Amino acid sequence: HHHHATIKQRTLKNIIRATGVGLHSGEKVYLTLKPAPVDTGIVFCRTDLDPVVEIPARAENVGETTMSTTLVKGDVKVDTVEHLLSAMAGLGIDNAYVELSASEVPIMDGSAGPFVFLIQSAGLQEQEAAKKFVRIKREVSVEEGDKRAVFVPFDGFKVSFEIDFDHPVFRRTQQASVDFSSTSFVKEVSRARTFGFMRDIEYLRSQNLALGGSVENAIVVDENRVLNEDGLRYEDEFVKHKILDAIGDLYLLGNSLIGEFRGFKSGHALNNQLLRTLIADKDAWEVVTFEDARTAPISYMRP
Ligand SMILES: CC(C)([C@H](NC(=O)c1ccc(C#CC#CCCO)cc1)C(=O)NO)S(=O)(=O)CC1COC1
Ligand SMILES: [Mg+2]
């Protein structure tokens with residue numbers, strides 16, 4: 001028959017298994033993504049510990065936001081969740097358990113591409129409960145110096161980002177806007193790899209960071225050019241990756257957004273400051289569901 005269909009929560013149809021290396025720790029890590037019940041959200045599970053330590057991927061659990069987005073509970077951390085969370089958000093996955101055998105999510109090829117491929121191969125499962133969205137109803141802005149991150153009301157979901165690197169590799173706009181109620185996360189953004197400049201990578205290594213980085217999982221830039229012999233996947237890959245990171249960091253809200261995000265030189269730390277300010281300002285957002293997908297401002301691929 002023909003009639004209104006609620007937009008439903010989604011989990012995984014099948015389990016996903018992957019093995020990789022942490023970008024910063026260099027450690028080998030085994031990843032298992034599992035389906036989860038309605039209203040679970042995304043939950044990270046350190047299965048190398050006894051007992052297993054579980055950390056919901058929510059803004060309140062964000063520890064340090066230095067080089068990557070890190071979740072903390074007591075003395076236990078899960079590092080670099082942003083790229084996997086970007087894949088979850090981009091495919092509309094509400095509920096899943098993410099089991100990790102080590103403290104850091106594997107970096108894969110530096111983008112969300114391998115995650116979206118593994119998830120879409122396994123397939124998604126719609127669940128018998130309405131999907132909840134957080135709708136921006138007032139402008140919310142956080143700044144620190146010359147960095148800015150803002151939420152604005154928008155009947156859809158749209159992310160804009162601008163970076164301002166003074167570096168010969170950008171002699172480029174350093175700006176991109178993507179409307180995901182219109183274009184596709186998989187198409188526009190998922191394949192954008194992380195990047196680092198050699199000067200900063202050298203410092204990071206001296207601090208026991210970036211230990212797993214290489215041309216196999218990152219765009220590596222020296223003082224003048226990209227060192228990866230096979231080049232860039234997009235002419236604006238750097239700023240597309242900033243958008244990927246933003247989508248992942250924003251999914252620490254625990255629900256998909258109906259609104260617009262605008263980032264100027266933002267990063268994990270300011271992104272999370274923006275989420276904490278939004279959450280505290282309950283006049284600026286509300287939780288909504290859609291009983292008829294045909295009238296909703298957002299749509300999703302077939303599962
Ligand atoms: C883009 C970022 C937002 C971020 N990437 C990292 O932290 C990172 C660090 C090291 C490496 C590496 C390597 C190597 C090698 C072999 C040669 O020896 C890659 C990526 C991110 O994607 N977070 O999600 S960044 O902060 O701008 C990254 C700075 C550092 O310069 C710019
Ligand atoms: Mg990143």
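Residue numbers run from 1 in the order of the sequence given. Every number for a ligand or one of its atoms is a count from 1 in the order of the listing. Quick note: numbers below take in every heavy atom, side chains included, and nothing from hydrogens, waters or symmetry partners.
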Near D200 (heavy-atom distance under 4.0 Å), the atoms of ligand 1 are 30 (C), 31 (O)
Please confirm whether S68 comes under 4.0 Å of ligand 1, counting heavy atoms of the residue only. no
Could you establish whether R199 and ligand 1 come within less than 4.0 Å of each other, counting only heavy atoms on the residue side? no
Please state which option from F197, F238, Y203, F165 has its nearest heavy atom closest to atom 32 (C) of ligand 1. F197
What I want to find out is whether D39 reaches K132 closely enough, with some N-O distance under 4.0 Å, to be called a salt bridge. yes
With a 3.5 Å distance limit and no angle check, can you tell me whether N95 reaches the backbone of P35 through a side-chain donor-acceptor pair? no
Based purely on interatomic distance, does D245 place a nitrogen or oxygen under 3.5 Å from a nitrogen or oxygen of ligand 1? yes
Backbone or side-chain N or O of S214 under 3.5 Å from ligand 1 N or O: no
Sub-4.0 Å atoms of ligand 1 with respect to non-hydrogen atoms of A210: 10 (C)
Test side chain to side chain donor-acceptor pair (under 3.5 Å) applied to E162 and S160, step by step: CA-CA 7 Å; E162 184 183 358; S160 319; over 6 Å; no
Could you point out which residue of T289, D94, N255 forms a side-chain hydrogen bond (donor to acceptor under 3.5 Å, both in side chains) with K131? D94
Examine ligand 1 and decide if any of its atoms is less than 4.0 Å from a heavy atom belonging to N217. no
Would you call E223 and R199 a salt bridge, using N to O less than 4.0 angstrom? no
Give the contacting part of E82 toward ligand 1: side chain, backbone, both or neither, where contact means a heavy-atom distance below 4.0 Å. side chain
Backbone or side-chain N or O of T194 under 3.5 Å from ligand 1 N or O: yes
So, using side-chain hydrogen bond (donor to acceptor under 3.5 Å, both in side chains) as the criterion, who are the partners of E82 when residues are at least two apart? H268
Within-shell test, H24 vs ligand 1, heavy atom, strictly < 4.0 Å: yes
The protein N, O or S atoms lying under 2.8 Å from the Mg ion (ligand 2) are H83 NE2, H241 NE2, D245 OD1, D245 OD2
Given that the side chain starts at C-beta and the backbone is N, CA, C, O, which of these parts of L209 lies under 4.0 Å from ligand 1, counting heavy atoms, or is it both or neither? neither
